[PDB]
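Dropping input.txt in here (compact mmCIF, N, CA and C atoms):
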```txt
# COMPACT_ATOMS: atom_id res chain seq x y z
N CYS A 398 48.34 -14.47 -2.32
CA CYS A 398 49.14 -14.24 -3.52
C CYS A 398 48.35 -13.46 -4.56
N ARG A 399 47.10 -13.87 -4.80
CA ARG A 399 46.29 -13.19 -5.80
C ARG A 399 46.01 -11.75 -5.38
N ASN A 400 45.83 -11.51 -4.09
CA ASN A 400 45.64 -10.14 -3.62
C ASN A 400 46.88 -9.31 -3.92
N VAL A 401 48.06 -9.91 -3.76
CA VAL A 401 49.27 -9.29 -4.26
C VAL A 401 49.23 -9.21 -5.78
N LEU A 402 48.65 -10.22 -6.43
CA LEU A 402 48.57 -10.20 -7.88
C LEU A 402 47.52 -9.21 -8.36
N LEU A 403 46.29 -9.36 -7.87
CA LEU A 403 45.24 -8.41 -8.22
C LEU A 403 45.67 -6.99 -7.89
N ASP A 404 46.09 -6.78 -6.65
CA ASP A 404 46.74 -5.54 -6.26
C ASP A 404 48.23 -5.76 -6.06
N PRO A 405 49.06 -5.36 -7.00
CA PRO A 405 50.49 -5.32 -6.72
C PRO A 405 50.91 -4.01 -6.09
N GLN A 406 50.23 -3.62 -5.01
CA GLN A 406 50.77 -2.62 -4.10
C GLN A 406 50.67 -3.15 -2.68
N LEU A 407 51.81 -3.48 -2.11
CA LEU A 407 51.87 -3.89 -0.73
C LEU A 407 51.75 -2.67 0.17
N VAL A 408 50.82 -2.75 1.11
CA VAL A 408 50.50 -1.63 1.99
C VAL A 408 50.80 -2.06 3.43
N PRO A 409 51.35 -1.19 4.26
CA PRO A 409 51.76 -1.62 5.60
C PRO A 409 50.56 -1.95 6.48
N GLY A 410 50.62 -3.11 7.12
CA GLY A 410 49.51 -3.61 7.90
C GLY A 410 49.33 -2.85 9.21
N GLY A 411 48.07 -2.62 9.55
CA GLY A 411 47.74 -2.04 10.83
C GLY A 411 47.71 -0.52 10.81
N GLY A 412 48.08 0.06 11.94
CA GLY A 412 48.05 1.49 12.18
C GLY A 412 48.73 2.34 11.14
N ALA A 413 49.75 1.82 10.46
CA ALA A 413 50.39 2.58 9.40
C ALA A 413 49.40 2.91 8.30
N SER A 414 48.69 1.90 7.80
CA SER A 414 47.61 2.14 6.85
C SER A 414 46.40 2.78 7.52
N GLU A 415 46.40 2.85 8.85
CA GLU A 415 45.19 3.23 9.57
C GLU A 415 45.18 4.73 9.85
N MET A 416 46.04 5.16 10.77
CA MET A 416 46.12 6.56 11.17
C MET A 416 46.43 7.47 9.99
N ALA A 417 47.10 6.93 8.96
CA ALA A 417 47.35 7.69 7.75
C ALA A 417 46.07 8.29 7.19
N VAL A 418 45.14 7.43 6.78
CA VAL A 418 43.90 7.88 6.15
C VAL A 418 43.12 8.81 7.07
N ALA A 419 43.17 8.58 8.38
CA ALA A 419 42.34 9.33 9.31
C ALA A 419 42.55 10.83 9.17
N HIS A 420 43.80 11.29 9.23
CA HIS A 420 44.07 12.71 9.13
C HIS A 420 43.60 13.28 7.80
N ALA A 421 43.87 12.58 6.70
CA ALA A 421 43.25 12.94 5.43
C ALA A 421 41.75 13.15 5.60
N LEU A 422 41.04 12.10 6.02
CA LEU A 422 39.61 12.17 6.29
C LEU A 422 39.23 13.36 7.17
N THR A 423 39.91 13.54 8.30
CA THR A 423 39.67 14.72 9.11
C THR A 423 39.89 15.99 8.30
N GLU A 424 41.12 16.19 7.82
CA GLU A 424 41.41 17.30 6.91
C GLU A 424 40.39 17.37 5.78
N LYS A 425 40.12 16.24 5.13
CA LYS A 425 38.96 16.14 4.24
C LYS A 425 37.72 16.74 4.87
N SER A 426 37.24 16.12 5.96
CA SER A 426 36.10 16.66 6.69
C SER A 426 36.30 18.13 7.00
N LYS A 427 37.49 18.49 7.46
CA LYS A 427 37.78 19.88 7.80
C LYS A 427 37.79 20.75 6.55
N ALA A 428 38.38 20.26 5.46
CA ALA A 428 38.33 21.01 4.21
C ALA A 428 36.91 21.08 3.68
N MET A 429 36.09 20.07 3.97
CA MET A 429 34.69 20.12 3.56
C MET A 429 33.86 20.95 4.53
N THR A 430 34.16 20.86 5.82
CA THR A 430 33.57 21.68 6.89
C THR A 430 32.06 21.84 6.73
N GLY A 431 31.41 20.76 6.30
CA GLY A 431 29.97 20.70 6.20
C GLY A 431 29.37 19.97 7.38
N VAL A 432 28.28 19.25 7.11
CA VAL A 432 27.83 18.22 8.05
C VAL A 432 28.59 16.92 7.85
N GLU A 433 28.86 16.52 6.60
CA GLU A 433 29.55 15.26 6.34
C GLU A 433 30.91 15.20 7.00
N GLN A 434 31.44 16.34 7.44
CA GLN A 434 32.66 16.32 8.24
C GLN A 434 32.53 15.33 9.39
N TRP A 435 31.37 15.31 10.03
CA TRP A 435 31.16 14.49 11.21
C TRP A 435 31.24 13.01 10.85
N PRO A 436 30.61 12.55 9.76
CA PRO A 436 30.88 11.16 9.33
C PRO A 436 32.35 10.88 9.11
N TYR A 437 33.07 11.76 8.40
CA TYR A 437 34.50 11.55 8.22
C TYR A 437 35.21 11.59 9.56
N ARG A 438 34.88 12.59 10.38
CA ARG A 438 35.35 12.60 11.76
C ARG A 438 34.96 11.32 12.48
N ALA A 439 33.76 10.80 12.21
CA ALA A 439 33.43 9.48 12.72
C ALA A 439 34.26 8.40 12.03
N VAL A 440 34.37 8.48 10.70
CA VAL A 440 35.09 7.45 9.95
C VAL A 440 36.57 7.46 10.28
N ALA A 441 37.21 8.63 10.25
CA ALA A 441 38.62 8.70 10.62
C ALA A 441 38.86 8.14 12.01
N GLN A 442 37.94 8.43 12.94
CA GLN A 442 38.04 7.87 14.28
C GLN A 442 37.62 6.41 14.29
N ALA A 443 36.71 6.02 13.40
CA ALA A 443 36.34 4.62 13.28
C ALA A 443 37.55 3.76 12.93
N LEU A 444 38.48 4.29 12.13
CA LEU A 444 39.71 3.57 11.82
C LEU A 444 40.46 3.18 13.08
N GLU A 445 40.63 4.13 13.99
CA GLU A 445 41.59 4.02 15.08
C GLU A 445 41.31 2.84 16.01
N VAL A 446 40.15 2.20 15.89
CA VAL A 446 39.81 1.08 16.77
C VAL A 446 40.84 -0.03 16.66
N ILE A 447 41.19 -0.44 15.45
CA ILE A 447 42.01 -1.63 15.24
C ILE A 447 43.39 -1.44 15.86
N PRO A 448 44.09 -0.33 15.62
CA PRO A 448 45.32 -0.11 16.38
C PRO A 448 45.05 -0.04 17.87
N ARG A 449 44.02 0.70 18.29
CA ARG A 449 43.57 0.62 19.67
C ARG A 449 43.30 -0.82 20.06
N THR A 450 42.50 -1.53 19.26
CA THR A 450 42.27 -2.94 19.52
C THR A 450 43.58 -3.71 19.59
N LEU A 451 44.48 -3.48 18.64
CA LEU A 451 45.80 -4.09 18.76
C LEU A 451 46.49 -3.68 20.05
N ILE A 452 46.35 -2.42 20.47
CA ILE A 452 46.91 -2.04 21.76
C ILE A 452 46.09 -2.66 22.89
N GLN A 453 44.77 -2.62 22.75
CA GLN A 453 43.90 -3.48 23.55
C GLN A 453 44.39 -4.92 23.53
N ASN A 454 44.76 -5.41 22.35
CA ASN A 454 45.19 -6.80 22.24
C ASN A 454 46.58 -6.99 22.82
N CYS A 455 47.48 -6.03 22.62
CA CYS A 455 48.87 -6.26 22.98
C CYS A 455 49.05 -6.19 24.49
N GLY A 456 48.26 -5.37 25.16
CA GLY A 456 48.49 -5.19 26.57
C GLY A 456 49.12 -3.87 26.95
N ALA A 457 49.11 -2.89 26.05
CA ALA A 457 49.61 -1.58 26.42
C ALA A 457 48.47 -0.57 26.50
N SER A 458 48.82 0.67 26.86
CA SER A 458 47.81 1.71 27.01
C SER A 458 47.60 2.42 25.68
N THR A 459 46.39 2.30 25.14
CA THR A 459 46.15 2.70 23.76
C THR A 459 46.16 4.21 23.59
N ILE A 460 45.37 4.93 24.39
CA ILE A 460 45.20 6.37 24.20
C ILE A 460 46.56 7.06 24.21
N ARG A 461 47.48 6.56 25.03
CA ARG A 461 48.88 6.93 24.87
C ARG A 461 49.37 6.59 23.47
N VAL B 398 56.81 21.34 55.48
CA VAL B 398 58.09 21.87 55.04
C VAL B 398 58.94 22.31 56.22
N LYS B 399 58.30 22.66 57.35
CA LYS B 399 59.06 22.90 58.57
C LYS B 399 59.83 21.66 58.98
N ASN B 400 59.25 20.47 58.77
CA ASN B 400 59.95 19.23 59.08
C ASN B 400 61.17 19.06 58.18
N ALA B 401 61.25 19.84 57.10
CA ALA B 401 62.50 19.90 56.35
C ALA B 401 63.47 20.88 56.98
N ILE B 402 62.98 22.02 57.47
CA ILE B 402 63.87 23.07 57.95
C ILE B 402 64.18 22.88 59.43
N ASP B 403 63.41 22.05 60.13
CA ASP B 403 63.80 21.70 61.49
C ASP B 403 64.85 20.60 61.47
N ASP B 404 64.72 19.69 60.51
CA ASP B 404 65.56 18.50 60.45
C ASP B 404 66.68 18.67 59.44
N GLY B 405 67.91 18.46 59.89
CA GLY B 405 69.01 18.37 58.97
C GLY B 405 68.88 17.25 57.98
N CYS B 406 68.19 16.18 58.35
CA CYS B 406 67.91 15.07 57.46
C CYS B 406 66.57 15.31 56.76
N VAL B 407 66.51 14.94 55.49
CA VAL B 407 65.26 14.82 54.75
C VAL B 407 65.32 13.49 54.02
N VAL B 408 64.24 12.73 54.09
CA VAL B 408 64.13 11.45 53.39
C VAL B 408 63.75 11.75 51.95
N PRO B 409 64.36 11.10 50.96
CA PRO B 409 63.96 11.35 49.57
C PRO B 409 62.56 10.82 49.31
N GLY B 410 61.81 11.55 48.49
CA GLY B 410 60.42 11.24 48.26
C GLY B 410 60.13 10.50 46.96
N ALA B 411 58.95 10.76 46.39
CA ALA B 411 58.49 10.19 45.13
C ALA B 411 58.54 8.67 45.11
N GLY B 412 58.40 8.02 46.27
CA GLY B 412 58.32 6.57 46.32
C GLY B 412 59.56 5.83 45.87
N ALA B 413 60.66 6.54 45.60
CA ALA B 413 61.87 5.86 45.15
C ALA B 413 62.44 4.97 46.23
N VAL B 414 62.15 5.28 47.50
CA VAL B 414 62.73 4.53 48.60
C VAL B 414 61.89 3.31 48.93
N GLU B 415 60.66 3.25 48.42
CA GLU B 415 59.78 2.13 48.76
C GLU B 415 60.12 0.90 47.92
N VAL B 416 60.38 1.10 46.63
CA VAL B 416 60.95 0.03 45.81
C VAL B 416 62.31 -0.36 46.35
N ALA B 417 62.94 0.56 47.08
CA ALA B 417 64.31 0.37 47.51
C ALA B 417 64.38 -0.60 48.68
N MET B 418 63.41 -0.54 49.59
CA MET B 418 63.41 -1.47 50.71
C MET B 418 62.84 -2.82 50.32
N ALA B 419 61.78 -2.82 49.51
CA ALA B 419 61.10 -4.07 49.17
C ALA B 419 62.09 -5.14 48.74
N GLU B 420 63.08 -4.77 47.93
CA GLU B 420 64.16 -5.70 47.63
C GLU B 420 65.22 -5.70 48.73
N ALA B 421 65.47 -4.54 49.36
CA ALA B 421 66.40 -4.52 50.48
C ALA B 421 65.86 -5.33 51.66
N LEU B 422 64.60 -5.73 51.58
CA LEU B 422 63.97 -6.64 52.53
C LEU B 422 64.20 -8.09 52.13
N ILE B 423 65.13 -8.31 51.20
CA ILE B 423 65.35 -9.58 50.51
C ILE B 423 65.30 -10.71 51.52
N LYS B 424 64.64 -11.79 51.13
CA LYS B 424 63.94 -12.59 52.11
C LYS B 424 64.74 -13.84 52.46
N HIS B 425 64.20 -14.60 53.42
CA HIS B 425 64.94 -15.63 54.15
C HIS B 425 66.06 -14.99 54.95
N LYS B 426 66.27 -13.70 54.73
CA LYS B 426 66.75 -12.84 55.80
C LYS B 426 65.82 -13.13 56.97
N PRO B 427 64.51 -13.30 56.74
CA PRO B 427 63.68 -13.98 57.74
C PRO B 427 63.66 -15.48 57.51
N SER B 428 64.80 -16.12 57.72
CA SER B 428 64.88 -17.57 57.73
C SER B 428 64.33 -18.11 59.04
N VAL B 429 63.96 -17.19 59.94
CA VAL B 429 63.53 -17.56 61.29
C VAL B 429 62.45 -18.63 61.26
N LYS B 430 61.25 -18.28 60.82
CA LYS B 430 60.11 -19.18 60.81
C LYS B 430 59.49 -19.21 59.43
N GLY B 431 59.21 -18.04 58.89
CA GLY B 431 58.31 -17.90 57.77
C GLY B 431 57.06 -17.13 58.10
N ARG B 432 56.77 -16.90 59.38
CA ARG B 432 55.75 -15.93 59.74
C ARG B 432 56.28 -14.51 59.62
N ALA B 433 57.48 -14.27 60.16
CA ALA B 433 58.16 -13.01 59.88
C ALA B 433 58.49 -12.89 58.41
N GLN B 434 58.80 -14.02 57.77
CA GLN B 434 59.02 -14.03 56.34
C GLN B 434 57.78 -13.61 55.57
N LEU B 435 56.60 -13.93 56.10
CA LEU B 435 55.39 -13.31 55.56
C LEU B 435 55.24 -11.89 56.07
N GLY B 436 55.54 -11.66 57.35
CA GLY B 436 55.48 -10.31 57.88
C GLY B 436 56.33 -9.34 57.09
N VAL B 437 57.46 -9.82 56.56
CA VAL B 437 58.23 -8.98 55.64
C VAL B 437 57.62 -9.02 54.25
N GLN B 438 57.15 -10.19 53.81
CA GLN B 438 56.62 -10.31 52.46
C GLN B 438 55.34 -9.50 52.31
N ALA B 439 54.49 -9.53 53.33
CA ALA B 439 53.34 -8.63 53.35
C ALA B 439 53.80 -7.18 53.40
N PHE B 440 54.88 -6.92 54.14
CA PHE B 440 55.30 -5.54 54.38
C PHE B 440 55.99 -4.95 53.16
N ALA B 441 56.76 -5.76 52.43
CA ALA B 441 57.46 -5.27 51.25
C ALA B 441 56.47 -4.71 50.23
N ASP B 442 55.28 -5.31 50.16
CA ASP B 442 54.27 -4.87 49.20
C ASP B 442 53.51 -3.65 49.69
N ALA B 443 53.30 -3.53 51.01
CA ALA B 443 52.65 -2.34 51.54
C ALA B 443 53.49 -1.10 51.32
N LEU B 444 54.82 -1.26 51.26
CA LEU B 444 55.70 -0.14 50.95
C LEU B 444 55.30 0.53 49.64
N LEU B 445 54.92 -0.27 48.65
CA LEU B 445 54.83 0.19 47.28
C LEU B 445 53.49 0.83 46.94
N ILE B 446 52.57 0.93 47.90
CA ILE B 446 51.22 1.39 47.56
C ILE B 446 51.26 2.83 47.09
N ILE B 447 52.13 3.65 47.68
CA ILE B 447 52.30 5.02 47.20
C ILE B 447 52.97 5.05 45.83
N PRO B 448 54.09 4.34 45.60
CA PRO B 448 54.60 4.26 44.21
C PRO B 448 53.59 3.65 43.25
N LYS B 449 52.80 2.68 43.70
CA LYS B 449 51.66 2.22 42.91
C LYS B 449 50.67 3.35 42.65
N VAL B 450 50.06 3.89 43.72
CA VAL B 450 48.90 4.76 43.57
C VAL B 450 49.21 5.96 42.68
N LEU B 451 50.47 6.35 42.57
CA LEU B 451 50.81 7.47 41.71
C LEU B 451 50.84 7.05 40.24
N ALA B 452 51.72 6.11 39.89
CA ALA B 452 51.67 5.52 38.55
C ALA B 452 50.28 5.02 38.23
N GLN B 453 49.56 4.50 39.23
CA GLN B 453 48.12 4.34 39.12
C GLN B 453 47.45 5.63 38.68
N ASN B 454 47.52 6.66 39.53
CA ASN B 454 46.86 7.92 39.21
C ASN B 454 47.48 8.56 37.97
N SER B 455 48.69 8.15 37.61
CA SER B 455 49.27 8.56 36.34
C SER B 455 48.90 7.56 35.25
N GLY B 456 49.48 7.77 34.07
CA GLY B 456 49.20 6.87 32.97
C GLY B 456 49.83 5.51 33.17
N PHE B 457 49.72 4.67 32.14
CA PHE B 457 50.41 3.39 32.09
C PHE B 457 49.94 2.48 33.21
N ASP B 458 50.88 1.84 33.90
CA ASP B 458 50.52 0.95 34.98
C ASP B 458 51.11 1.42 36.31
N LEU B 459 50.35 1.17 37.38
CA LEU B 459 50.91 1.29 38.71
C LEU B 459 51.97 0.23 38.94
N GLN B 460 51.89 -0.87 38.19
CA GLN B 460 52.84 -1.97 38.34
C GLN B 460 53.94 -1.93 37.29
N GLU B 461 53.58 -2.00 36.00
CA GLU B 461 54.58 -2.08 34.93
C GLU B 461 55.66 -1.03 35.11
```
The structure in this file should be written as structure tokens.
Amino acid sequence: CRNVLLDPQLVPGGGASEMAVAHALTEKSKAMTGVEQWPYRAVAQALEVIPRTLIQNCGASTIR
Amino acid sequence: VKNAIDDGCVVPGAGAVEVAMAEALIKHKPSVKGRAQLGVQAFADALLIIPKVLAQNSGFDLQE
């Protein structure tokens, strides 16, 4: 409740909040096109684990 | 392909017929003993190895 109170913005759980930021980060990394792109490319890809994990968890094929 | 042009008959491919017999082998049709009932039960599954191995070699599941 307090997290709703402290933050009164409800954000969609899982991959919705996940894959969203990734492309930004990539585009970010791509718009930055430095070395730090690779961390963002790492970070944006670091996000994808949990939906993958959820697909890992659910029993379906994740990379699909 | 000559076996197609020599023969007026061609059997349909892509493993669609293997799932087709496995149930068409519907059992206690070998009510005889249960050894033939295994002989069919073992055999119904051997039919599907090609439909398996493809969906296997393809994405998703060879089974699902």
Long-range neighbours of segment 441-448 of chain A as a short mmCIF file (atom, residue, chain, number, x, y, z; two decimals) with N, CA and C atoms, in the frame of the given file, 7 Å cut-off, only C-alpha atoms, 4 positions minimum in chain:
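After the write, around_31.cif holds the following:
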```
data_model
loop_
_atom_site.label_atom_id
_atom_site.label_comp_id
_atom_site.auth_asym_id
_atom_site.auth_seq_id
_atom_site.Cartn_x
_atom_site.Cartn_y
_atom_site.Cartn_z
N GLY A 411 48.07 -2.62 9.55
CA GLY A 411 47.74 -2.04 10.83
C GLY A 411 47.71 -0.52 10.81
N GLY A 412 48.08 0.06 11.94
CA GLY A 412 48.05 1.49 12.18
C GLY A 412 48.73 2.34 11.14
N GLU A 415 46.40 2.85 8.85
CA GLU A 415 45.19 3.23 9.57
C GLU A 415 45.18 4.73 9.85
N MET A 416 46.04 5.16 10.77
CA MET A 416 46.12 6.56 11.17
C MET A 416 46.43 7.47 9.99
N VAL A 418 45.14 7.43 6.78
CA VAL A 418 43.90 7.88 6.15
C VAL A 418 43.12 8.81 7.07
N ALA A 419 43.17 8.58 8.38
CA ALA A 419 42.34 9.33 9.31
C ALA A 419 42.55 10.83 9.17
N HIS A 420 43.80 11.29 9.23
CA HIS A 420 44.07 12.71 9.13
C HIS A 420 43.60 13.28 7.80
N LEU A 422 41.04 12.10 6.02
CA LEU A 422 39.61 12.17 6.29
C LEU A 422 39.23 13.36 7.17
N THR A 423 39.91 13.54 8.30
CA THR A 423 39.67 14.72 9.11
C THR A 423 39.89 15.99 8.30
N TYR A 437 33.07 11.76 8.40
CA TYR A 437 34.50 11.55 8.22
C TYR A 437 35.21 11.59 9.56
N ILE A 452 46.35 -2.42 20.47
CA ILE A 452 46.91 -2.04 21.76
C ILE A 452 46.09 -2.66 22.89
#
```
Between atom CA of residue 403 of chain A and atom N of residue 425 of chain A, what is the distance, to one decimal in Å?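 It comes out at 28.5 Å.
Near chain B, within 8 Å and using only N, CA and C atoms, the residues of chain A are residues 457, 458 and 461 of chain A.
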Written file, previous selection with N, CA and C atoms, as a CSV table (one decimal), in the frame of the given file:
```csv
chain,number,residue,atom,x,y,z
A,457,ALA,N,49.1,-2.9,26.0
A,457,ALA,CA,49.6,-1.6,26.4
A,457,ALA,C,48.5,-0.6,26.5
A,458,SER,N,48.8,0.7,26.9
A,458,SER,CA,47.8,1.7,27.0
A,458,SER,C,47.6,2.4,25.7
A,461,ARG,N,47.5,6.6,25.0
A,461,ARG,CA,48.9,6.9,24.9
A,461,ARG,C,49.4,6.6,23.5
```
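Our summary of the geometry notes that atom CA of residue 455 of chain A is positioned 19.7 Å from atom CA of residue 452 of chain B.
Residue nearest residue 448 of chain B, chosen from B:422, B:429, B:411, B:435 and counting all atoms listed in the file: B:411.
You will find atom CA of residue 439 of chain A at 26.9 Å from atom N of residue 407 of chain A.
Counting all atoms listed in the file and comparing B:433, B:400, B:453, B:447, the residue that lies closest to residue 413 of chain B is B:447.
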Helix (DSSP H, G or I) per DSSP on the backbone: members of chain A, as a JSON list (two decimals) with N, CA and C atoms, in the coordinates of the input:
```json
[["chain", "number", "residue", "atom", "x", "y", "z"],
["A", 399, "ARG", "N", 47.10, -13.87, -4.80],
["A", 399, "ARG", "CA", 46.29, -13.19, -5.80],
["A", 399, "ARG", "C", 46.01, -11.75, -5.38],
["A", 400, "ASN", "N", 45.83, -11.51, -4.09],
["A", 400, "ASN", "CA", 45.64, -10.14, -3.62],
["A", 400, "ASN", "C", 46.88, -9.31, -3.92],
["A", 401, "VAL", "N", 48.06, -9.91, -3.76],
["A", 401, "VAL", "CA", 49.27, -9.29, -4.26],
["A", 401, "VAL", "C", 49.23, -9.21, -5.78],
["A", 402, "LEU", "N", 48.65, -10.22, -6.43],
["A", 402, "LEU", "CA", 48.57, -10.20, -7.88],
["A", 402, "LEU", "C", 47.52, -9.21, -8.36],
["A", 403, "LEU", "N", 46.29, -9.36, -7.87],
["A", 403, "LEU", "CA", 45.24, -8.41, -8.22],
["A", 403, "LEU", "C", 45.67, -6.99, -7.89],
["A", 412, "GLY", "N", 48.08, 0.06, 11.94],
["A", 412, "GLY", "CA", 48.05, 1.49, 12.18],
["A", 412, "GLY", "C", 48.73, 2.34, 11.14],
["A", 413, "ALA", "N", 49.75, 1.82, 10.46],
["A", 413, "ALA", "CA", 50.39, 2.58, 9.40],
["A", 413, "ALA", "C", 49.40, 2.91, 8.30],
["A", 414, "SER", "N", 48.69, 1.90, 7.80],
["A", 414, "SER", "CA", 47.61, 2.14, 6.85],
["A", 414, "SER", "C", 46.40, 2.78, 7.52],
["A", 415, "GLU", "N", 46.40, 2.85, 8.85],
["A", 415, "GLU", "CA", 45.19, 3.23, 9.57],
["A", 415, "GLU", "C", 45.18, 4.73, 9.85],
["A", 416, "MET", "N", 46.04, 5.16, 10.77],
["A", 416, "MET", "CA", 46.12, 6.56, 11.17],
["A", 416, "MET", "C", 46.43, 7.47, 9.99],
["A", 417, "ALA", "N", 47.10, 6.93, 8.96],
["A", 417, "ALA", "CA", 47.35, 7.69, 7.75],
["A", 417, "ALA", "C", 46.07, 8.29, 7.19],
["A", 418, "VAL", "N", 45.14, 7.43, 6.78],
["A", 418, "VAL", "CA", 43.90, 7.88, 6.15],
["A", 418, "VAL", "C", 43.12, 8.81, 7.07],
["A", 419, "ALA", "N", 43.17, 8.58, 8.38],
["A", 419, "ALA", "CA", 42.34, 9.33, 9.31],
["A", 419, "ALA", "C", 42.55, 10.83, 9.17],
["A", 420, "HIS", "N", 43.80, 11.29, 9.23],
["A", 420, "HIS", "CA", 44.07, 12.71, 9.13],
["A", 420, "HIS", "C", 43.60, 13.28, 7.80],
["A", 421, "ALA", "N", 43.87, 12.58, 6.70],
["A", 421, "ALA", "CA", 43.25, 12.94, 5.43],
["A", 421, "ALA", "C", 41.75, 13.15, 5.60],
["A", 422, "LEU", "N", 41.04, 12.10, 6.02],
["A", 422, "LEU", "CA", 39.61, 12.17, 6.29],
["A", 422, "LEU", "C", 39.23, 13.36, 7.17],
["A", 423, "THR", "N", 39.91, 13.54, 8.30],
["A", 423, "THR", "CA", 39.67, 14.72, 9.11],
["A", 423, "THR", "C", 39.89, 15.99, 8.30],
["A", 424, "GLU", "N", 41.12, 16.19, 7.82],
["A", 424, "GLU", "CA", 41.41, 17.30, 6.91],
["A", 424, "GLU", "C", 40.39, 17.37, 5.78],
["A", 425, "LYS", "N", 40.12, 16.24, 5.13],
["A", 425, "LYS", "CA", 38.96, 16.14, 4.24],
["A", 425, "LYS", "C", 37.72, 16.74, 4.87],
["A", 426, "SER", "N", 37.24, 16.12, 5.96],
["A", 426, "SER", "CA", 36.10, 16.66, 6.69],
["A", 426, "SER", "C", 36.30, 18.13, 7.00],
["A", 427, "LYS", "N", 37.49, 18.49, 7.46],
["A", 427, "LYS", "CA", 37.78, 19.88, 7.80],
["A", 427, "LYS", "C", 37.79, 20.75, 6.55],
["A", 428, "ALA", "N", 38.38, 20.26, 5.46],
["A", 428, "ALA", "CA", 38.33, 21.01, 4.21],
["A", 428, "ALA", "C", 36.91, 21.08, 3.68],
["A", 429, "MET", "N", 36.09, 20.07, 3.97],
["A", 429, "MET", "CA", 34.69, 20.12, 3.56],
["A", 429, "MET", "C", 33.86, 20.95, 4.53],
["A", 434, "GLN", "N", 31.44, 16.34, 7.44],
["A", 434, "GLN", "CA", 32.66, 16.32, 8.24],
["A", 434, "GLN", "C", 32.53, 15.33, 9.39],
["A", 435, "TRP", "N", 31.37, 15.31, 10.03],
["A", 435, "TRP", "CA", 31.16, 14.49, 11.21],
["A", 435, "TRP", "C", 31.24, 13.01, 10.85],
["A", 436, "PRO", "N", 30.61, 12.55, 9.76],
["A", 436, "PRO", "CA", 30.88, 11.16, 9.33],
["A", 436, "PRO", "C", 32.35, 10.88, 9.11],
["A", 437, "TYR", "N", 33.07, 11.76, 8.40],
["A", 437, "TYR", "CA", 34.50, 11.55, 8.22],
["A", 437, "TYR", "C", 35.21, 11.59, 9.56],
["A", 438, "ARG", "N", 34.88, 12.59, 10.38],
["A", 438, "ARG", "CA", 35.35, 12.60, 11.76],
["A", 438, "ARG", "C", 34.96, 11.32, 12.48],
["A", 439, "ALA", "N", 33.76, 10.80, 12.21],
["A", 439, "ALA", "CA", 33.43, 9.48, 12.72],
["A", 439, "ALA", "C", 34.26, 8.40, 12.03],
["A", 440, "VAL", "N", 34.37, 8.48, 10.70],
["A", 440, "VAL", "CA", 35.09, 7.45, 9.95],
["A", 440, "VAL", "C", 36.57, 7.46, 10.28],
["A", 441, "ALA", "N", 37.21, 8.63, 10.25],
["A", 441, "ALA", "CA", 38.62, 8.70, 10.62],
["A", 441, "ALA", "C", 38.86, 8.14, 12.01],
["A", 442, "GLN", "N", 37.94, 8.43, 12.94],
["A", 442, "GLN", "CA", 38.04, 7.87, 14.28],
["A", 442, "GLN", "C", 37.62, 6.41, 14.29],
["A", 443, "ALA", "N", 36.71, 6.02, 13.40],
["A", 443, "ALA", "CA", 36.34, 4.62, 13.28],
["A", 443, "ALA", "C", 37.55, 3.76, 12.93],
["A", 444, "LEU", "N", 38.48, 4.29, 12.13],
["A", 444, "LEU", "CA", 39.71, 3.57, 11.82],
["A", 444, "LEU", "C", 40.46, 3.18, 13.08],
["A", 446, "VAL", "N", 40.15, 2.20, 15.89],
["A", 446, "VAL", "CA", 39.81, 1.08, 16.77],
["A", 446, "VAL", "C", 40.84, -0.03, 16.66],
["A", 447, "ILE", "N", 41.19, -0.44, 15.45],
["A", 447, "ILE", "CA", 42.01, -1.63, 15.24],
["A", 447, "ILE", "C", 43.39, -1.44, 15.86],
["A", 448, "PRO", "N", 44.09, -0.33, 15.62],
["A", 448, "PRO", "CA", 45.32, -0.11, 16.38],
["A", 448, "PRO", "C", 45.05, -0.04, 17.87],
["A", 449, "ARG", "N", 44.02, 0.70, 18.29],
["A", 449, "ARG", "CA", 43.57, 0.62, 19.67],
["A", 449, "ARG", "C", 43.30, -0.82, 20.06],
["A", 450, "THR", "N", 42.50, -1.53, 19.26],
["A", 450, "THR", "CA", 42.27, -2.94, 19.52],
["A", 450, "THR", "C", 43.58, -3.71, 19.59],
["A", 451, "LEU", "N", 44.48, -3.48, 18.64],
["A", 451, "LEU", "CA", 45.80, -4.09, 18.76],
["A", 451, "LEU", "C", 46.49, -3.68, 20.05],
["A", 452, "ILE", "N", 46.35, -2.42, 20.47],
["A", 452, "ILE", "CA", 46.91, -2.04, 21.76],
["A", 452, "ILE", "C", 46.09, -2.66, 22.89],
["A", 453, "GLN", "N", 44.77, -2.62, 22.75],
["A", 453, "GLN", "CA", 43.90, -3.48, 23.55],
["A", 453, "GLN", "C", 44.39, -4.92, 23.53],
["A", 454, "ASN", "N", 44.76, -5.41, 22.35],
["A", 454, "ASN", "CA", 45.19, -6.80, 22.24],
["A", 454, "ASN", "C", 46.58, -6.99, 22.82],
["A", 455, "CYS", "N", 47.48, -6.03, 22.62],
["A", 455, "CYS", "CA", 48.87, -6.26, 22.98],
["A", 455, "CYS", "C", 49.05, -6.19, 24.49]]
```
Which residues are close to residue 437 of chain B, i.e. within 8 Å by all atoms listed in the file, leaving aside same-chain residues fewer than 6 positions away? Reply as a list in words.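 Selected residues are residues 419, 422, 424, 427, 431 and 443 of chain B.
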